[PDB]
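entry.txt follows (compact mmCIF, N, CA and C atoms (P, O5', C5', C4', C3', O3' and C1' of nucleotides)):
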```
# COMPACT_ATOMS: atom_id res chain seq x y z
N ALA B 2 -90.14 207.79 12.67
CA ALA B 2 -90.57 209.15 12.22
C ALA B 2 -89.55 210.19 12.70
N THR B 3 -89.66 211.41 12.18
CA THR B 3 -88.75 212.48 12.56
C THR B 3 -89.48 213.77 12.89
N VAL B 4 -88.84 214.58 13.73
CA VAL B 4 -89.35 215.88 14.14
C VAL B 4 -88.44 216.94 13.53
N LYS B 5 -89.03 217.88 12.81
CA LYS B 5 -88.27 218.95 12.19
C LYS B 5 -88.53 220.24 12.99
N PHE B 6 -87.48 221.02 13.19
CA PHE B 6 -87.60 222.24 13.97
C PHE B 6 -86.36 223.09 13.82
N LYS B 7 -86.50 224.37 14.11
CA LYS B 7 -85.38 225.27 14.00
C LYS B 7 -84.94 225.66 15.40
N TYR B 8 -83.65 225.62 15.65
CA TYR B 8 -83.17 225.96 16.97
C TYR B 8 -81.92 226.79 16.84
N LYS B 9 -81.95 227.98 17.44
CA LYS B 9 -80.83 228.91 17.40
C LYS B 9 -80.30 229.09 15.98
N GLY B 10 -81.20 229.44 15.06
CA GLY B 10 -80.81 229.66 13.68
C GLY B 10 -80.35 228.45 12.88
N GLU B 11 -80.57 227.24 13.39
CA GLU B 11 -80.15 226.04 12.68
C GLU B 11 -81.32 225.08 12.49
N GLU B 12 -81.40 224.48 11.31
CA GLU B 12 -82.45 223.52 11.02
C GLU B 12 -82.06 222.17 11.64
N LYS B 13 -83.01 221.54 12.32
CA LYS B 13 -82.78 220.26 12.96
C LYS B 13 -83.87 219.28 12.47
N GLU B 14 -83.53 218.00 12.46
CA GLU B 14 -84.48 216.96 12.09
C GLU B 14 -84.05 215.76 12.91
N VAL B 15 -84.80 215.47 13.95
CA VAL B 15 -84.47 214.40 14.87
C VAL B 15 -85.44 213.21 14.83
N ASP B 16 -84.87 212.01 14.75
CA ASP B 16 -85.68 210.79 14.77
C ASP B 16 -86.46 210.75 16.09
N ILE B 17 -87.74 210.40 16.04
CA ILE B 17 -88.52 210.41 17.26
C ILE B 17 -88.02 209.43 18.32
N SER B 18 -87.31 208.39 17.90
CA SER B 18 -86.75 207.39 18.81
C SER B 18 -85.77 208.03 19.79
N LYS B 19 -85.15 209.12 19.36
CA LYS B 19 -84.18 209.83 20.16
C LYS B 19 -84.76 210.80 21.18
N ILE B 20 -86.05 211.11 21.07
CA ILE B 20 -86.68 212.06 21.98
C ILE B 20 -86.63 211.47 23.37
N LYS B 21 -86.03 212.23 24.27
CA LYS B 21 -85.87 211.85 25.65
C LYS B 21 -87.06 212.27 26.52
N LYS B 22 -87.32 213.56 26.64
CA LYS B 22 -88.42 214.00 27.48
C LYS B 22 -89.24 214.98 26.64
N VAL B 23 -90.55 215.01 26.85
CA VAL B 23 -91.42 215.98 26.16
C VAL B 23 -92.47 216.55 27.14
N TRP B 24 -92.72 217.85 27.01
CA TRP B 24 -93.68 218.53 27.86
C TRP B 24 -94.36 219.65 27.06
N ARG B 25 -95.51 220.08 27.56
CA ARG B 25 -96.30 221.15 26.95
C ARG B 25 -96.15 222.50 27.67
N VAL B 26 -95.98 223.56 26.89
CA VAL B 26 -95.88 224.93 27.43
C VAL B 26 -96.88 225.74 26.57
N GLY B 27 -98.15 225.65 26.94
CA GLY B 27 -99.19 226.34 26.20
C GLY B 27 -99.38 225.59 24.90
N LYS B 28 -99.16 226.26 23.78
CA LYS B 28 -99.29 225.67 22.46
C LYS B 28 -97.96 225.08 21.97
N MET B 29 -96.91 225.29 22.75
CA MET B 29 -95.57 224.82 22.42
C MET B 29 -95.32 223.42 22.98
N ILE B 30 -94.77 222.55 22.13
CA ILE B 30 -94.42 221.20 22.54
C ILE B 30 -92.92 221.28 22.68
N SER B 31 -92.42 221.19 23.91
CA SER B 31 -90.99 221.30 24.19
C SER B 31 -90.37 219.92 24.49
N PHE B 32 -89.12 219.69 24.10
CA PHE B 32 -88.54 218.39 24.36
C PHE B 32 -87.00 218.41 24.41
N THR B 33 -86.45 217.29 24.87
CA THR B 33 -85.00 217.07 24.92
C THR B 33 -84.79 215.80 24.08
N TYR B 34 -83.58 215.61 23.56
CA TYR B 34 -83.30 214.44 22.76
C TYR B 34 -81.84 214.05 22.88
N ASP B 35 -81.54 212.79 22.61
CA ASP B 35 -80.16 212.31 22.68
C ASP B 35 -79.38 212.69 21.44
N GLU B 36 -78.17 213.19 21.67
CA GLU B 36 -77.28 213.58 20.60
C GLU B 36 -76.03 212.78 20.77
N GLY B 37 -75.08 213.04 19.88
CA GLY B 37 -73.79 212.37 19.92
C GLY B 37 -73.01 212.85 21.12
N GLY B 38 -71.93 212.15 21.45
CA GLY B 38 -71.09 212.55 22.57
C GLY B 38 -71.72 212.48 23.95
N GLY B 39 -72.77 211.67 24.07
CA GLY B 39 -73.46 211.53 25.34
C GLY B 39 -74.15 212.82 25.77
N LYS B 40 -74.44 213.69 24.81
CA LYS B 40 -75.11 214.93 25.13
C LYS B 40 -76.62 214.93 24.88
N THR B 41 -77.28 215.93 25.45
CA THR B 41 -78.72 216.11 25.33
C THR B 41 -79.06 217.46 24.67
N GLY B 42 -79.78 217.37 23.53
CA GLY B 42 -80.21 218.56 22.80
C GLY B 42 -81.60 218.98 23.25
N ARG B 43 -82.00 220.21 22.92
CA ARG B 43 -83.33 220.75 23.26
C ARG B 43 -84.04 221.16 21.97
N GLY B 44 -85.36 221.07 21.97
CA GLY B 44 -86.11 221.45 20.79
C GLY B 44 -87.56 221.76 21.13
N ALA B 45 -88.25 222.48 20.25
CA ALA B 45 -89.65 222.82 20.49
C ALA B 45 -90.36 223.04 19.15
N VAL B 46 -91.62 222.65 19.11
CA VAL B 46 -92.39 222.85 17.89
C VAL B 46 -93.77 223.28 18.28
N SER B 47 -94.49 223.79 17.30
CA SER B 47 -95.86 224.19 17.53
C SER B 47 -96.69 222.89 17.61
N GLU B 48 -97.72 222.88 18.46
CA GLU B 48 -98.63 221.73 18.59
C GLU B 48 -99.34 221.47 17.26
N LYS B 49 -99.50 222.52 16.48
CA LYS B 49 -100.13 222.44 15.17
C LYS B 49 -99.25 221.57 14.29
N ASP B 50 -97.94 221.80 14.39
CA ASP B 50 -96.91 221.04 13.65
C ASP B 50 -96.97 219.58 14.16
N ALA B 51 -96.53 219.44 15.40
CA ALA B 51 -96.47 218.21 16.18
C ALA B 51 -96.89 216.85 15.65
N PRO B 52 -95.91 215.99 15.34
CA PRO B 52 -96.23 214.64 14.85
C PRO B 52 -97.03 213.96 15.97
N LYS B 53 -97.96 213.08 15.60
CA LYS B 53 -98.77 212.38 16.60
C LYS B 53 -97.92 211.48 17.51
N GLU B 54 -96.82 210.96 16.98
CA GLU B 54 -95.91 210.10 17.73
C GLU B 54 -95.37 210.89 18.93
N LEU B 55 -94.96 212.14 18.69
CA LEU B 55 -94.45 213.03 19.75
C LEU B 55 -95.55 213.41 20.74
N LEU B 56 -96.71 213.77 20.21
CA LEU B 56 -97.82 214.14 21.06
C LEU B 56 -98.29 212.99 21.98
N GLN B 57 -98.20 211.76 21.46
CA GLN B 57 -98.57 210.54 22.19
C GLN B 57 -97.62 210.33 23.36
N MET B 58 -96.35 210.67 23.13
CA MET B 58 -95.35 210.53 24.17
C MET B 58 -95.73 211.40 25.35
N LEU B 59 -96.26 212.59 25.06
CA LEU B 59 -96.68 213.52 26.09
C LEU B 59 -97.68 212.81 26.97
N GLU B 60 -98.81 212.42 26.39
CA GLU B 60 -99.87 211.73 27.14
C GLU B 60 -99.35 210.46 27.82
N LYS B 61 -98.47 209.74 27.13
CA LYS B 61 -97.92 208.51 27.67
C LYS B 61 -96.71 208.69 28.58
N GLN B 62 -96.26 209.92 28.76
CA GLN B 62 -95.13 210.19 29.64
C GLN B 62 -95.54 211.21 30.68
N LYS B 63 -95.53 212.49 30.32
CA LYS B 63 -95.89 213.58 31.23
C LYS B 63 -94.99 213.57 32.47
N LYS B 64 -93.81 212.99 32.31
CA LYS B 64 -92.81 212.87 33.38
C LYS B 64 -91.41 213.08 32.79
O5' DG G 1 -94.08 237.54 33.41
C5' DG G 1 -93.70 236.40 34.21
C4' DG G 1 -94.64 235.24 33.98
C3' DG G 1 -94.09 233.92 34.48
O3' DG G 1 -95.22 233.13 34.91
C1' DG G 1 -94.25 233.87 32.09
P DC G 2 -95.00 231.74 35.71
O5' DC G 2 -95.33 230.66 34.59
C5' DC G 2 -96.68 230.48 34.12
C4' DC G 2 -96.69 229.63 32.88
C3' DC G 2 -95.86 228.35 32.93
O3' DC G 2 -96.67 227.25 33.39
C1' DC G 2 -95.71 229.48 30.79
P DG G 3 -96.01 226.08 34.30
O5' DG G 3 -94.99 225.37 33.30
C5' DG G 3 -95.46 224.44 32.33
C4' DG G 3 -94.36 223.47 31.96
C3' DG G 3 -93.55 222.96 33.15
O3' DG G 3 -93.25 221.60 32.84
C1' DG G 3 -92.14 224.17 31.66
P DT G 4 -92.54 220.66 33.92
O5' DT G 4 -91.00 220.77 33.53
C5' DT G 4 -90.57 220.29 32.27
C4' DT G 4 -89.20 220.84 31.93
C3' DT G 4 -88.11 220.65 32.98
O3' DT G 4 -87.66 219.28 32.78
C1' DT G 4 -87.80 222.59 31.53
P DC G 5 -80.62 218.67 30.30
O5' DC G 5 -79.72 219.79 29.62
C5' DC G 5 -79.76 220.00 28.20
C4' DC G 5 -79.04 221.28 27.86
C3' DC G 5 -77.53 221.30 28.13
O3' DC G 5 -76.89 221.65 26.88
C1' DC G 5 -78.56 223.23 29.10
P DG G 6 -75.33 221.28 26.64
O5' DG G 6 -74.59 222.52 27.28
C5' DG G 6 -74.79 223.83 26.75
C4' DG G 6 -74.21 224.85 27.69
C3' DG G 6 -72.90 224.39 28.35
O3' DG G 6 -71.92 225.43 28.26
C1' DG G 6 -74.41 225.20 29.95
P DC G 7 -70.36 225.07 28.43
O5' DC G 7 -70.12 225.12 30.00
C5' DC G 7 -69.52 226.26 30.61
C4' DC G 7 -70.47 227.43 30.58
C3' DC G 7 -69.98 228.57 31.47
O3' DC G 7 -70.18 229.78 30.77
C1' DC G 7 -72.13 227.83 32.21
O5' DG O 1 -79.44 229.48 43.35
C5' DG O 1 -78.64 230.66 43.63
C4' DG O 1 -78.52 231.65 42.49
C3' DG O 1 -79.82 232.05 41.79
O3' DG O 1 -79.67 233.41 41.40
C1' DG O 1 -78.40 230.88 40.26
P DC O 2 -80.79 234.13 40.52
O5' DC O 2 -80.27 233.91 39.03
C5' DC O 2 -79.18 234.65 38.54
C4' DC O 2 -79.01 234.38 37.07
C3' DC O 2 -80.30 234.57 36.25
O3' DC O 2 -79.91 235.10 34.99
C1' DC O 2 -79.46 232.44 35.87
P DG O 3 -80.62 236.41 34.40
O5' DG O 3 -79.99 236.43 32.93
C5' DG O 3 -78.56 236.22 32.77
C4' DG O 3 -78.26 235.71 31.38
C3' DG O 3 -79.27 236.17 30.35
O3' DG O 3 -78.60 236.38 29.11
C1' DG O 3 -79.38 233.79 30.58
P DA O 4 -79.43 236.82 27.80
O5' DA O 4 -79.76 235.43 27.10
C5' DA O 4 -78.71 234.45 26.89
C4' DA O 4 -79.25 233.26 26.14
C3' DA O 4 -80.36 233.57 25.11
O3' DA O 4 -80.01 232.88 23.89
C1' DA O 4 -81.08 231.91 26.65
P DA O 5 -80.84 233.13 22.53
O5' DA O 5 -81.80 231.86 22.41
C5' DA O 5 -81.24 230.56 22.38
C4' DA O 5 -82.31 229.55 22.68
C3' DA O 5 -83.64 229.83 22.01
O3' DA O 5 -83.66 229.23 20.72
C1' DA O 5 -83.86 228.92 24.24
P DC O 6 -84.65 229.81 19.59
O5' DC O 6 -86.01 229.06 19.88
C5' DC O 6 -86.14 227.66 19.64
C4' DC O 6 -87.38 227.16 20.36
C3' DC O 6 -88.58 228.02 20.01
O3' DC O 6 -89.21 227.47 18.86
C1' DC O 6 -88.50 227.39 22.36
P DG O 7 -90.14 228.39 17.92
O5' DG O 7 -91.56 228.20 18.60
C5' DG O 7 -92.24 226.94 18.57
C4' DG O 7 -93.68 227.13 19.00
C3' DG O 7 -94.47 228.14 18.17
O3' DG O 7 -95.87 227.76 18.30
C1' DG O 7 -94.21 228.97 20.37
P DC O 8 -97.02 228.61 17.58
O5' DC O 8 -97.45 229.73 18.63
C5' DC O 8 -98.46 229.48 19.60
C4' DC O 8 -98.41 230.50 20.72
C3' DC O 8 -99.12 231.83 20.53
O3' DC O 8 -100.52 231.75 20.88
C1' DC O 8 -97.29 231.88 22.11
```

Take the structure in the file and write it out as structure tokens.
Amino acid sequence: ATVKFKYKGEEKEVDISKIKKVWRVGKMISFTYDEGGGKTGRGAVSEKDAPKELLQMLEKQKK
DNA sequence: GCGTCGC
DNA sequence: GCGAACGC
């Protein structure tokens, strides 16, 4: 599955397999993900949006 | 402010 | 150490 979100004026669509860490900030689901060049990207979506795969990671990670 | 990269 | 980023 993929997560769609806008970050710094750019549209992003990241495969959920790449999501590194995920945490909750109120209604915001915030996360980091693996990118090319050994780098780590950041992203956030509304919980309303939030694919269940991503939300499950929260409950199953929270670390 | 809440939770957590790239100077 | 901190500005900026993200939905609210």

Requested in this report: Show me which bits of chain B are within 12 Å of chain G, counting only C-alpha atoms (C1' of nucleotides), as a PyMOL selection string.
Outcome: chain B and resi 22-34+40-45+63-64

Report task. At a cut-off of 8 Å, list the chain O residues touching chain B, using only C-alpha atoms (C1' of nucleotides), as a list in words. Result ->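 My answer is residues 5, 6, 7 and 8 of chain O.
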
As JSON: centre and edge lengths in Å, one decimal, of the axis-aligned box holding stretch 4-7 of chain B with 6 Å per side:
```
{"center_x": -87.1, "center_y": 220.1, "center_z": 13.8, "size_x": 16.4, "size_y": 23.1, "size_z": 15.2}
```

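Rounded to one decimal, atom C of residue B:54 and atom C4' of residue O:4 lie 28.5 Å from each other.
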
Query - Pick from B:21, B:3, B:56, B:49, whichever lies nearest to residue B:35 using only N, CA and C atoms - result: B:21

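Taking atom C of residue B:15 and atom CA of residue B:52 as endpoints, the distance between them is 10.9 Å.
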
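Our summary of the geometry notes that atom P of residue O:3 is positioned 24.1 Å from atom CA of residue B:11.
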
**Report entry** Which of stretch 10-63 of chain B DSSP labels strand (DSSP E), written as a ChimeraX atom specification
**Finding:** /B:11-16,20-26,29-35,41-47

Query - Residue among B:2, B:55, B:19, B:12 lying closest to residue B:36, counting only N, CA and C atoms - result: B:19

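Running DSSP on the backbone gives alpha helix (DSSP H) for these residues within chain B: residues 53, 54, 55, 56, 57, 58, 59, 60 and 61 of chain B.
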